[PDB]
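Undergrad: Quick one: the structure is below, questions incoming.
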Amino acid sequence: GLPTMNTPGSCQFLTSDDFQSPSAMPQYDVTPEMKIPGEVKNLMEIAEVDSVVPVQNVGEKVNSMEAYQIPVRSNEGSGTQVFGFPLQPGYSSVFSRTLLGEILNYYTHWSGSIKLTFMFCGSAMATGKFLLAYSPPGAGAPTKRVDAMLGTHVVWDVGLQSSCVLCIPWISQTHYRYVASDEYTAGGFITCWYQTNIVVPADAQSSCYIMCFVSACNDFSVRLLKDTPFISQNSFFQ
Amino acid sequence: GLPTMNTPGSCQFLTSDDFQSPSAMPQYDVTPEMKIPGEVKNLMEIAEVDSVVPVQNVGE
Amino acid sequence: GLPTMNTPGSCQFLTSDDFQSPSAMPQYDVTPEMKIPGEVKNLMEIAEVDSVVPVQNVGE
Amino acid sequence: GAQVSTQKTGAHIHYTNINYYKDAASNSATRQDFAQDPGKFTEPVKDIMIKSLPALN
Amino acid sequence: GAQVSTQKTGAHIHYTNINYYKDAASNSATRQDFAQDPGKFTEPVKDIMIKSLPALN
Amino acid sequence: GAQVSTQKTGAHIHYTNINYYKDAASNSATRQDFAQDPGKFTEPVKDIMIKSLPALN
Amino acid sequence: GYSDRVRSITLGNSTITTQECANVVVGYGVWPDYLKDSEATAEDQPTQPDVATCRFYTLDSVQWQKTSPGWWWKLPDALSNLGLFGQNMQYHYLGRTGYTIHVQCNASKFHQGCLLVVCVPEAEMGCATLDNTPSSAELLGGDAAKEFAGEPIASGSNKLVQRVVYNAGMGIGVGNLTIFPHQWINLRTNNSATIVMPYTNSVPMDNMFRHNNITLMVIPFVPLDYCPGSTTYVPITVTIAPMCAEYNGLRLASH
Amino acid sequence: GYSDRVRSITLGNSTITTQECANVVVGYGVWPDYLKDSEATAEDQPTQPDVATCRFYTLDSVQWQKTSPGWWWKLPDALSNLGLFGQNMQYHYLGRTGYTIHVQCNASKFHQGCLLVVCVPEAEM
Amino acid sequence: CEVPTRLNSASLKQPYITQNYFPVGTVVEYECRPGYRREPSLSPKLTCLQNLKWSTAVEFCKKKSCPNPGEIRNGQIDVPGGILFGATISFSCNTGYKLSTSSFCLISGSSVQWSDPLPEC
Amino acid sequence: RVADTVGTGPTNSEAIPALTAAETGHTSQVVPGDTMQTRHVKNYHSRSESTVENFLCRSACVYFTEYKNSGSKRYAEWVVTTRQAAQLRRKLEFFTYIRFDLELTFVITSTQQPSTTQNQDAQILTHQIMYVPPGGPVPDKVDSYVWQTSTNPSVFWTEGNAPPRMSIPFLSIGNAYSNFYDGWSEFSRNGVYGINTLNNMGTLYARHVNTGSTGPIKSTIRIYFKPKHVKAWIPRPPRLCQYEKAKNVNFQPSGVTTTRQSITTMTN
Amino acid sequence: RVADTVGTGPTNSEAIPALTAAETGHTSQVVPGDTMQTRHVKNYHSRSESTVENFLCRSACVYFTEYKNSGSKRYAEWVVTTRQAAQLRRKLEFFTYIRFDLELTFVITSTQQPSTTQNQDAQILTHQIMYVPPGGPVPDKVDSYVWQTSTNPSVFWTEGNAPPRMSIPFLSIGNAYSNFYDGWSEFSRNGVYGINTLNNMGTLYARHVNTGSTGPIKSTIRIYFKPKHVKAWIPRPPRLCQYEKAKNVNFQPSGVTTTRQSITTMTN
Amino acid sequence: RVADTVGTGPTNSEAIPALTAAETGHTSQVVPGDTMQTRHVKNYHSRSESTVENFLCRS
Ligand SMILES: CCCCCCCCCCCCCCCC(=O)O
Ligand SMILES: CCCCCCCCCCCCCCCC(=O)O
């Protein structure tokens, strides 16, 4: 009889615990492992691959492929806006269902840089230049190219290489930003503007589309397991 | 008093478990073993001997 | 089965106790500490600074 | 006076055991005795029989 | 036969572990395997692609 | 891998501690950190002030 | 000197050349090989034809129209009736092979569009009626291509496969598919896309007639467009070459 | 390998990319730098923001028509009201800076024309 | 099958409301209750499965947004709970001016409007 | 430890890190210091909670059923399957093939049912949970001879104690579990189609070992599955639609995402 | 160990230890031996109970709520905040910024409610306490699917056992907790003002896993917070006034101290 | 550990491994590689659950 004493938290079932337990099938011989291509060791490996961003999710456009196409066409004007959305991968409807967003919705804190890759899907005889800008918070969304030029921008020239990458850095005072909607952890605004005008030759379509991919950077990180809001159930299946 | 904590799966009877338990007859002297022909160590030893197969199992 | 014995003061909650307990969020990565001016290590540090004494606490 | 032995793991990490009672009938079960000799039941014959040779020659 | 390993502490103190069962499927979970190789999913191409050079030249 | 440290006894006999969990947030409380530096709150001035000398001279 | 936009591939008695190509995607970084002695389970000796089986087979072509949703192909099923490959997998019980997929589209500098070419392992699909399961004819198209549908398939007492393009028949997201080894055909950049896939499965060998390991999905993300006067018929062709193919369990032919 | 028709320029938090470019003209062979101690005259310490001031500012666009004569811009005046640059030169009495000018025009293979882009020092009119 | 699952956002369409016998493989349709606006991605239909249980149901409608409150002259508007259907904004005045006090986003016709108009202060 | 940022300066070179072709499918490995000027800051963040283990290593209820001490339903049965619930199923479906040991935990709770029997003084109830591997003699009745549990594993729990817990090894005839299957039970491409063909985990039973009281009592057993020693391969996109069945992936079509006002809207 | 006194004697020097200027704000470091004759006595006293840890390292009830097994309130919820009670709040408010691990302990007690149902023979009640991080699916009803607690942490306790206890790490997106905040949620200096803007610790739920008896029963859960591994910065004066709200520091004005008869009174 | 298979080839010898007399009662110790061509595969299977103990050691 070794004298012992039982502390609080005895005979309780904490779901996130780590103990040993007797095996129900003793001396069972498991099938030997075999080499299988594509082993995942970290979730971030999945978050660092590109995923097409449904930017044009307006009206019934979400019920087709038109949700993925950004409609850029030649116009008699300069400095107009193509698109704009906030930097909220977990909360914004734009990034919520992307691989990055689907992985973020299982956690509570996120921290790192965001890579946006824009691919031109027009004719080989079309040309253009675009301004891709990011504005940290404090003043509202820029309404014109003069205000969006003052932020972190890249001037993309459409040519042989059809893809340009805009890298949104980490300019947050907080080490980690909340995945849910919190006005304290504001992200900023991402916008795109016509730098010049689309130049199209005769007998060539003047209305083109752009596509957008999002991927996590090397510094990306997430920090609190939780349950996805999207998953649901009224009763046990079958 | 050594402070301990009880984990789930306490005071349960899992039939396929492997623990020690106090002997009901202490210091009992068992009959010494003797050489007996045909000792089985593995079931497979029994499965590797021939057995006549009832192939024509039709009707009566 | 290691034979043990439970002493009095078992399954009790003494508010001023010092035990280990399983972490609810395992392998959580905390924000790294940063240098913050004016760290208090002892209460006496606070008691050794001057404080104006309300001597004439008479009436209103 | 403890015993440290390997566990049952898959192919292609040690455990510790102490005996508390003094009767040798109270120990755990011997689950790791993998020794075979099927020559008593298969091939109990007196004269050896080589596989490639004819049985009755 | 115990194992002493470092714990998960903040940046900028050891723990002890003993196995009691003999099945290797009853041990605790492996929570401290921090190894990555995203080159299979990112950059699965055959010819290497240097960052500063043009992709198609 | 145990830690042996002195206890809190009166003036004018060692204890043993083992960590069982692997998170460093589950350990006991640090009750024996007796270190002080009241020079930040008392005497935060820039020029040193010797006690016996006049303060403003 | 060299460029990197030209690539030739030689397998068996067949060759494939390309003048405008992107890189070559190699599965999950693994090149197809044979089965090792320390990972096999079947005991009889395998057959390795290695010449006739390992060659480029060219399926039919499909016309890409201004309103095409997309097409899908089951590779174990697509080559089931074509060449010795079909005869080998027919007589044998077990099979193991890696598939290299080359998809080619031809256009001018005045045509625009974009195709995603993706290899999905274990592409289990659903049915229009929630109760019941899809019929083999609807899921498997041999000697032909199956087409997705722009609008949702109606639910009734039927065994039709749900063909919605945005759900890819798996109920998931078409954009998120990139997790699988893929490529793009941007008509302004590359004429063709090439993907090399190793053998992925949870068992070492498998019967090639009752299980389809991978599925090829060609989906136009940006619709084809051109101005009047230019060519209106633009076809898409798919060439598949089996690689390191071995078979076990010779038995009576299965039809 | 490389081509020489592609060039990227990075200044502050801004970047400029080009797929069809000629070489880069460098002033009179001199790269802009700061003022030396053996050539200064004012005695108080200067301020050097170096990030917000040194960035790409994009003025408005102008339409090129079949009958356009041309346009001119005074650089100290053009950026006078734009960004911190304008605020810095506003409060301060003396200033010293070098200007990098990028002018971009976009067209097809069926469009024709030719622009001269020139920097005139002391263009008294 | 029993009665279809009740949902806060939508309501059962006519005439399914007046129906109590639902065989297996029966589809029922919903509609957005006031104000609630229909969501284009989700489809408002449920099917009685073989297990005599309805298909999984999610909110097929979302609350309508009231117009922006505006900007009261010499006044501060407090918006603790957004401008969705059922919210309440508070009207206050600066030091040195004298001022209704609150307005409620309520359904008025086919859309949602504020109740009390902006006061004067 | 996550990679630290590197300090850079201005640049007027011919290196074009931003320009790339995504036609190849190669994800661009650019860092912020390539398209702007950056400072050098050490990064102490860690990807320790993003590992496959820490992700799937949590207890999740996969089923619960109710049995009584009188009437008709005297015992309960369940055909082992992880597709009954939605949360753990969707977490597992991130990967095509997964290999993992299982930590099973059982929670049993009783309740007195409304009746009219007077003088009710119950005793402590004991429960038996018997697992039958496929091919075994399934109980046909509550007092069946099969409850002997000679070869079959069983667990006995008395109410008021800590919940029962046992560890189950990687049980599979294959080399990994399959979350998805693209095939038919028969070689002729007919019969059961889907992951149901692969499933064969046997049945689990539960009963009251004693009546306990002269009044009616209903018990409910909850099954909790915590994966450990997890190894996974080939990741795949998360389930956009809602699940409908446990034996199949059949679904109702749904839009890619949720709709906003216009393409220049900063709000949902 | 506290500093020992030093023996001194008479003095007729020019050293003026007593005379000083408090205009500087420097606290005078004089000891009794400077203004009188003293003996030398070793001091064995110790400041071991005055350390920040020993001060805040004690369990304190921060909330308690009641839920039933029938009627309307079938489950309970609480938005995590340490400002609900007065004692621990005032002990914590001594410092501006504090960093500390948390040892949570739960006490659950049931009570039979007055009714008229005959033949009442209850069973043992089991309770579930589920924590939802912000952004999670909050339970809308007691039989909600969210109770699966796959990713979410949960604790199950059977009545009659030892109270449940778990350890929570330093959770914060910042580098320390903030007891005080002097700012607004929006950058335009409008909206929520105060420490409420910083607060975002999620919600905690609790329910009966079983009805237990045909009669009404009400349970009450008590939450206890013991800080450990405490590190603190910038001390501030103790709250003279009484607290009024949990989201703000609003107070009613009160006098500095309590009034006596005259300025020469030795009694209260 | 169970015995691994051995790789063999064709054969035209006088060795008759298959032919035997069961009148003796000796069980023939032939392996598949004797009557066909076989590959060499290492066998990692184990007879650990077939031991007398593991068989009868259950309540
Ligand atoms: C004493 C009680 C014993 C109960 C034993 C229950 C064993 C259940 C084993 C389930 C293994 C996991 C099944 C995964 C199925 C799949 O994904 O294919
Ligand atoms: C199984 C139950 C788990 C319950 C987890 C509860 C976590 C509560 C965390 C509270 C941390 C301290 C909050 C301090 C707030 C502040 O001062 O800003």
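In the structure tokens, the first chain shown is A, the next is B, and so on; residue numbers restart at 1 for each chain, and ligands run from 1 in the order shown.
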Residues at most 8 Å from residue 70 in chain K, counting only C-alpha atoms, excluding those fewer than 2 positions away in the same chain, as a PyMOL selection string?
TA: chain K and resi 68+72-74+211+216-217
Undergrad: Once you count only C-alpha atoms and all ligand atoms, which residues end up within 6 Å of ligand 1, and could you hand them over as a PyMOL selection string?
TA: chain J and resi 81+130-131+153-155+177-179+199
Undergrad: Produce a file of the selected residues containing C-alpha atoms, as an mmCIF file, in the first residue's frame.
TA:
```cif
data_model
loop_
_atom_site.group_PDB
_atom_site.id
_atom_site.type_symbol
_atom_site.label_atom_id
_atom_site.label_comp_id
_atom_site.auth_asym_id
_atom_site.auth_seq_id
_atom_site.Cartn_x
_atom_site.Cartn_y
_atom_site.Cartn_z
ATOM 1 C CA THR J 81 -18.553 3.666 -39.611
ATOM 2 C CA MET J 130 -19.539 -6.318 -26.779
ATOM 3 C CA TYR J 131 -17.711 -5.912 -30.139
ATOM 4 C CA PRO J 153 -13.590 -8.406 -26.676
ATOM 5 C CA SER J 154 -15.996 -6.893 -24.071
ATOM 6 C CA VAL J 155 -15.983 -4.004 -21.514
ATOM 7 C CA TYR J 177 -7.479 3.454 -44.951
ATOM 8 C CA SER J 178 -9.448 4.742 -47.921
ATOM 9 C CA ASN J 179 -11.697 7.741 -47.483
ATOM 10 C CA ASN J 199 -16.233 -0.807 -45.427
#
```
Undergrad: Using DSSP on the backbone coordinates, identify all residues within range 3-212 of chain K classified as strand (DSSP E or B); present the result as an MDAnalysis selection string.
TA: chainID K and resid 51 60:68 75:79 95:112 126:132 154:158 165:168 177:178 184 193 203:208
Undergrad: Go ahead and write the selection's residues with C-alpha atoms as a compact mmCIF listing (two decimals), in the first residue's frame.
TA:
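Below is the file part15.txt, written as the result:
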```txt
# COMPACT_ATOMS: atom_id res chain seq x y z
CA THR K 51 6.13 38.32 -4.77
CA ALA K 60 -11.17 32.98 -7.20
CA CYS K 61 -14.77 32.57 -8.36
CA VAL K 62 -15.40 34.74 -11.41
CA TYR K 63 -18.96 33.66 -12.32
CA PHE K 64 -21.70 31.16 -11.64
CA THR K 65 -24.92 30.42 -13.60
CA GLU K 66 -27.90 27.97 -13.28
CA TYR K 67 -29.37 25.58 -15.95
CA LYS K 68 -32.21 22.97 -15.68
CA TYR K 75 -28.25 25.10 -21.22
CA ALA K 76 -26.07 27.92 -19.95
CA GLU K 77 -23.62 30.29 -21.64
CA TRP K 78 -21.01 32.79 -20.49
CA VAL K 79 -18.85 35.27 -22.41
CA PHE K 95 -0.87 46.52 -13.02
CA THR K 96 -1.33 47.93 -16.50
CA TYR K 97 -0.02 44.94 -18.50
CA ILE K 98 0.03 41.34 -17.15
CA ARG K 99 1.09 38.02 -18.81
CA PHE K 100 -0.07 34.80 -17.06
CA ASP K 101 -1.10 31.14 -17.64
CA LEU K 102 -4.58 30.17 -16.30
CA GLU K 103 -5.61 27.14 -14.15
CA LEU K 104 -9.41 26.75 -14.64
CA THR K 105 -11.48 24.71 -12.10
CA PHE K 106 -15.27 24.00 -12.33
CA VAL K 107 -17.69 23.23 -9.43
CA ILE K 108 -21.16 21.83 -10.42
CA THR K 109 -24.02 21.31 -7.92
CA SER K 110 -27.59 20.14 -8.49
CA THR K 111 -30.83 20.68 -6.58
CA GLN K 112 -34.30 19.16 -6.73
CA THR K 126 -23.48 13.82 -16.27
CA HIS K 127 -22.58 17.34 -17.38
CA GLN K 128 -20.82 18.61 -20.48
CA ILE K 129 -18.94 21.94 -20.59
CA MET K 130 -18.06 23.05 -24.17
CA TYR K 131 -15.78 26.04 -24.97
CA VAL K 132 -16.33 27.79 -28.35
CA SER K 154 -14.98 19.78 -24.05
CA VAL K 155 -14.99 18.27 -20.49
CA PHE K 156 -17.45 15.59 -19.21
CA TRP K 157 -18.03 15.28 -15.42
CA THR K 158 -20.20 12.76 -13.51
CA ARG K 165 -9.60 21.14 -13.70
CA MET K 166 -7.55 22.03 -16.86
CA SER K 167 -4.61 24.39 -17.65
CA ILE K 168 -4.93 27.14 -20.35
CA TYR K 177 -2.80 41.24 -21.48
CA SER K 178 -4.22 44.73 -21.10
CA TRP K 184 -11.66 53.26 -29.77
CA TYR K 193 -14.40 52.92 -26.20
CA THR K 203 -18.06 31.90 -25.11
CA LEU K 204 -18.38 28.89 -22.70
CA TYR K 205 -21.47 26.58 -22.68
CA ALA K 206 -22.81 23.91 -20.27
CA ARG K 207 -25.57 21.30 -20.38
CA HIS K 208 -27.00 18.15 -18.84
```
Undergrad: Can you tell me, as a VMD selection string, what residues are no more than 6 Å from range 23-39 of chain G when counting only C-alpha atoms, ignoring any on the same chain fewer than 3 positions away?
TA: (chain A and resid 37 to 38) or (chain E and resid 40 44 to 46) or (chain G and resid 98 181 194 to 198 244) or (chain J and resid 24) or (chain L and resid 40 to 42)
Undergrad: With N, CA and C atoms retained, could you export that selection as a compact mmCIF listing (two decimals), in the first residue's frame?
TA:
```txt
# COMPACT_ATOMS: atom_id res chain seq x y z
N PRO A 37 2.98 8.12 -52.95
CA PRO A 37 3.34 9.48 -53.35
C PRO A 37 2.45 10.57 -52.74
N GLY A 38 3.05 11.70 -52.35
CA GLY A 38 2.31 12.86 -51.82
C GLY A 38 1.91 12.73 -50.37
N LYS E 40 6.64 18.91 -53.00
CA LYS E 40 5.86 17.98 -53.81
C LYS E 40 4.61 18.64 -54.36
N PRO E 44 6.05 21.09 -58.39
CA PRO E 44 6.22 19.69 -58.80
C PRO E 44 6.78 19.51 -60.20
N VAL E 45 7.30 20.56 -60.82
CA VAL E 45 7.73 20.54 -62.22
C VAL E 45 9.00 19.73 -62.38
N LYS E 46 9.35 19.40 -63.62
CA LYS E 46 10.50 18.57 -63.93
C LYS E 46 11.78 19.37 -64.07
N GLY G 98 1.79 3.52 -64.33
CA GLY G 98 1.69 4.98 -64.13
C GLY G 98 1.27 5.61 -65.45
N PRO G 181 -2.05 17.27 -59.20
CA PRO G 181 -1.12 17.71 -60.24
C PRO G 181 -1.87 18.14 -61.49
N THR G 194 1.44 18.76 -70.39
CA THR G 194 1.90 17.37 -70.14
C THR G 194 2.01 17.09 -68.64
N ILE G 195 1.38 16.02 -68.14
CA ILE G 195 1.48 15.63 -66.70
C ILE G 195 1.95 14.18 -66.62
N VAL G 196 2.95 13.88 -65.78
CA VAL G 196 3.43 12.48 -65.58
C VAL G 196 2.94 12.01 -64.21
N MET G 197 2.14 10.95 -64.15
CA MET G 197 1.57 10.48 -62.90
C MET G 197 2.12 9.12 -62.54
N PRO G 198 2.59 8.92 -61.32
CA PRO G 198 2.99 7.58 -60.88
C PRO G 198 1.77 6.77 -60.48
N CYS G 244 5.86 1.80 -67.11
CA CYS G 244 6.24 0.76 -66.12
C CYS G 244 5.01 -0.08 -65.76
N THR J 24 2.50 26.67 -66.10
CA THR J 24 3.29 25.50 -65.64
C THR J 24 2.58 24.86 -64.45
N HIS L 40 10.87 -13.02 -55.93
CA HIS L 40 11.36 -13.02 -54.52
C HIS L 40 10.76 -11.81 -53.80
N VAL L 41 9.87 -12.05 -52.84
CA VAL L 41 9.27 -10.94 -52.05
C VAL L 41 9.53 -11.20 -50.56
N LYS L 42 10.06 -10.21 -49.85
CA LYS L 42 10.26 -10.36 -48.38
C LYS L 42 8.89 -10.41 -47.72
```
Undergrad: Residues near residue 105 in chain A, anyone? I mean within 6 Å using only C-alpha atoms, not counting same-chain ones fewer than 3 positions away, as a list in words.
TA: residues 90, 102 and 228 of chain A
Undergrad: For chain A against ligand 2, with a cut-off of 9 Å and counting only C-alpha atoms and all ligand atoms, what is the closest atom pair and its distance in Å to one decimal for every residue that makes the cut, ordered by chain and number, as CSV?
TA:
```
residue,atom,partner,partner_atom_place_in_ligand_line,distance
A:14,CA,ligand 2,1 (C),6.6
A:15,CA,ligand 2,1 (C),7.9
A:16,CA,ligand 2,1 (C),8.5
```
Undergrad: Leaving out range 102-118 of chain I and any residue of its chain fewer than 3 positions from it, which residues lie within 6 Å of it when counting only C-alpha atoms, given as a PyMOL selection string?
TA: chain I and resi 66+85-91
Undergrad: Would you pick out the contacts of residue 17 in chain F at 9 Å or less, using only C-alpha atoms, so that residues sharing its chain but fewer than 6 positions from it are not included, and give the list as a list in words?
TA: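 So the residues in contact are residues 2, 3, 4 and 5 of chain F.
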Undergrad: Rounded to one decimal, what separation in Å do you get between CA of residue 233 in chain G and CA of residue 146 in chain G?
TA: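 CA of residue 233 in chain G sits 19.2 Å away from CA of residue 146 in chain G.
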Undergrad: For the contact check between chain B and chain E, emit one row per residue of chain B within 10 Å, containing the shortest atom pair and the distance in Å rounded to one decimal, counting only C-alpha atoms, chain then rising number order, as a Markdown table.
TA:
```
| residue | atom | partner | partner_atom | distance |
| --- | --- | --- | --- | --- |
| B:17 | CA | E:21 | CA | 9.9 |
| B:18 | CA | E:21 | CA | 8.5 |
| B:19 | CA | E:21 | CA | 9.5 |
```
Undergrad: Once chain E is fitted onto chain F by least squares over all its in-order Cα atoms, send the moved chain as a compact mmCIF listing (two decimals) with C-alpha atoms, in the first residue's frame.
TA:
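Ended up saving to out_0.txt:
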```txt
# COMPACT_ATOMS: atom_id res chain seq x y z
CA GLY E 1 14.94 13.16 -14.91
CA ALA E 2 13.93 14.70 -11.59
CA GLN E 3 14.64 18.06 -9.97
CA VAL E 4 15.72 18.25 -6.29
CA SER E 5 15.39 21.74 -4.68
CA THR E 6 15.40 23.19 -1.10
CA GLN E 7 12.01 23.90 0.62
CA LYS E 8 10.72 27.00 2.52
CA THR E 9 11.90 26.51 6.15
CA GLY E 10 12.30 28.86 9.15
CA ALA E 11 15.65 30.58 9.90
CA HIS E 12 17.67 30.63 13.18
CA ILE E 13 14.92 19.76 3.85
CA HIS E 14 14.86 19.32 -0.01
CA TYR E 15 11.94 18.19 -2.28
CA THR E 16 11.71 16.19 -5.59
CA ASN E 17 9.78 17.36 -8.73
CA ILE E 18 8.98 15.53 -12.01
CA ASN E 19 7.08 16.93 -15.01
CA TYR E 20 4.50 14.57 -16.50
CA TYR E 21 2.96 16.64 -19.31
CA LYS E 22 4.64 18.08 -22.39
CA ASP E 23 3.31 21.63 -22.60
CA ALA E 24 5.23 23.74 -20.04
CA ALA E 25 1.95 25.48 -19.25
CA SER E 26 0.87 22.58 -17.05
CA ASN E 27 3.75 22.79 -14.57
CA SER E 28 3.30 24.05 -11.03
CA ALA E 29 3.55 27.70 -10.05
CA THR E 30 6.89 29.47 -9.63
CA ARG E 31 6.68 30.40 -5.96
CA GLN E 32 10.40 30.88 -5.23
CA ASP E 33 11.55 33.82 -7.37
CA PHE E 34 12.85 36.29 -4.78
CA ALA E 35 14.47 39.00 -6.88
CA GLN E 36 13.94 42.74 -6.49
CA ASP E 37 15.03 45.97 -8.15
CA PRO E 38 13.14 49.00 -6.82
CA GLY E 39 15.48 51.47 -8.52
CA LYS E 40 13.01 51.97 -11.37
CA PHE E 41 10.25 53.35 -9.14
CA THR E 42 12.30 54.76 -6.29
CA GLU E 43 15.11 56.94 -7.66
CA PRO E 44 14.19 57.13 -11.37
CA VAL E 45 16.20 60.36 -11.76
CA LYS E 46 18.95 60.93 -14.34
CA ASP E 47 21.73 62.39 -12.16
CA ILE E 48 22.70 60.27 -9.18
CA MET E 49 21.79 61.65 -5.75
CA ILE E 50 24.09 60.83 -2.85
CA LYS E 51 22.25 60.63 0.47
CA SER E 52 24.53 62.77 2.63
CA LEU E 53 24.95 65.58 0.11
CA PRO E 54 22.37 68.34 -0.37
CA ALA E 55 19.83 67.52 -3.10
CA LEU E 56 19.92 70.98 -4.77
CA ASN E 57 23.37 72.61 -4.51
```
Undergrad: Using only C-alpha atoms, select each residue of chain G with any atom at most 8 Å away from an atom of chain J, and give the selection as an mmCIF file with C-alpha atoms, in the first residue's frame.
TA:
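out37.cif written:
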```cif
data_model
loop_
_atom_site.group_PDB
_atom_site.id
_atom_site.type_symbol
_atom_site.label_atom_id
_atom_site.label_comp_id
_atom_site.auth_asym_id
_atom_site.auth_seq_id
_atom_site.Cartn_x
_atom_site.Cartn_y
_atom_site.Cartn_z
ATOM 1 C CA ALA G 22 5.168 24.967 -70.361
ATOM 2 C CA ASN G 23 7.258 22.797 -68.059
ATOM 3 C CA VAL G 24 6.438 19.140 -67.351
ATOM 4 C CA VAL G 25 4.604 18.361 -64.119
ATOM 5 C CA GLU G 122 -10.145 8.480 -56.659
ATOM 6 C CA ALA G 123 -12.764 10.741 -58.233
ATOM 7 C CA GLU G 124 -15.846 9.234 -56.631
ATOM 8 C CA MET G 125 -18.950 10.901 -58.066
ATOM 9 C CA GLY G 126 -22.560 11.405 -56.945
ATOM 10 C CA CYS G 127 -26.091 10.815 -58.317
ATOM 11 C CA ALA G 128 -28.951 13.224 -59.190
ATOM 12 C CA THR G 129 -31.270 11.311 -56.799
ATOM 13 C CA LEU G 130 -29.885 11.480 -53.216
ATOM 14 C CA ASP G 131 -31.080 7.883 -52.647
ATOM 15 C CA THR G 133 -26.116 5.322 -56.779
ATOM 16 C CA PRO G 134 -24.900 6.262 -60.362
ATOM 17 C CA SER G 136 -21.735 2.298 -64.711
ATOM 18 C CA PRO G 152 -28.032 21.089 -62.227
ATOM 19 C CA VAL G 164 -22.667 20.275 -62.316
ATOM 20 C CA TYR G 166 -18.996 24.100 -60.408
ATOM 21 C CA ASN G 167 -19.246 21.004 -58.117
ATOM 22 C CA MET G 170 -17.898 15.482 -56.267
ATOM 23 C CA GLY G 171 -19.727 18.395 -54.548
ATOM 24 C CA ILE G 172 -16.373 20.173 -53.928
ATOM 25 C CA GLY G 173 -14.856 23.398 -55.366
ATOM 26 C CA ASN G 176 -9.549 24.073 -55.112
ATOM 27 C CA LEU G 177 -8.787 21.096 -57.482
ATOM 28 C CA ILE G 179 -4.206 20.403 -55.072
ATOM 29 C CA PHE G 180 -3.951 17.590 -57.677
ATOM 30 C CA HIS G 182 -2.455 20.015 -62.930
ATOM 31 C CA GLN G 183 -1.583 22.442 -65.711
ATOM 32 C CA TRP G 184 -3.205 25.164 -67.794
ATOM 33 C CA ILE G 185 -3.608 25.718 -71.520
ATOM 34 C CA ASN G 186 -3.723 29.483 -72.058
ATOM 35 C CA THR G 189 0.898 31.073 -74.066
ATOM 36 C CA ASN G 190 0.952 27.235 -74.464
ATOM 37 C CA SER G 202 -3.406 2.021 -51.030
ATOM 38 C CA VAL G 203 -2.578 -1.537 -52.161
ATOM 39 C CA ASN G 207 -7.799 -5.162 -60.696
ATOM 40 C CA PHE G 209 -11.579 -3.397 -64.499
ATOM 41 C CA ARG G 210 -13.570 -2.812 -61.288
ATOM 42 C CA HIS G 211 -11.526 0.117 -59.861
ATOM 43 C CA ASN G 212 -10.501 3.318 -61.725
ATOM 44 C CA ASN G 213 -7.455 4.862 -59.970
#
```
Undergrad: Counting only C-alpha atoms, which residues of chain G fall within 10 Å of chain H, and what is the closest atom pair for each with its distance in Å at one decimal, ordered by chain and rising number, as CSV?
TA:
```
residue,atom,partner,partner_atom,distance
G:2,CA,H:1,CA,9.3
G:3,CA,H:1,CA,8.9
G:4,CA,H:1,CA,9.5
```
